[PDB]
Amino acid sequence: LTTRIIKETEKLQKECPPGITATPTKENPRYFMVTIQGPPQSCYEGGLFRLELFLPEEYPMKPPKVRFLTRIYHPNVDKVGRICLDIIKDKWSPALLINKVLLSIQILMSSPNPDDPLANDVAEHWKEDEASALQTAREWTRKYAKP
């Protein structure tokens, strides 16, 4: 529990971006349960999405680890919730904070990147027939992300 982590924890409890919650576990204060509301007007609107985030030993040299738990139909999220997002991959800087990671995932839910280099079938659907993809995403939101 470095000073940094303690101050970040406070900012996450008190000043989480609107639509987001993040709360450390009692057994493990480096391990956070996270929620993000499906963005209004998006295909995820109305849903409540649960994620888990962990600060590994080498944080902040290395980024937080973070995945969805709630199933979500999204070009940049795989079938076990792993997230293709540049800032928790190759565009991480030690100055960035958890707050920013979570905001970025919230933005990624409104603004998917189906042209991300690494091919997957959901991205391919988004490109082939965006309207159908969005429709499947709404169906998945109703099925899996009910508040």
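One-based numbering along the sequence shown.
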Residue stretch of maximal mean CA temperature factor, 38 to 46 vs 102 to 110: 38 to 46
Selected stretch [higher average CA B-factor]: 28 to 36 or 77 to 85: 28 to 36
Which is it among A119, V66, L69, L96: the one with the largest CA B-factor in the entry? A119
Name the third of the chain's ranked CA B-factors that contains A137, choosing lowest, middle or highest. lowest
Within this chain, which third does the Cα B-factor at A22 fall in: lowest, middle or highest? middle
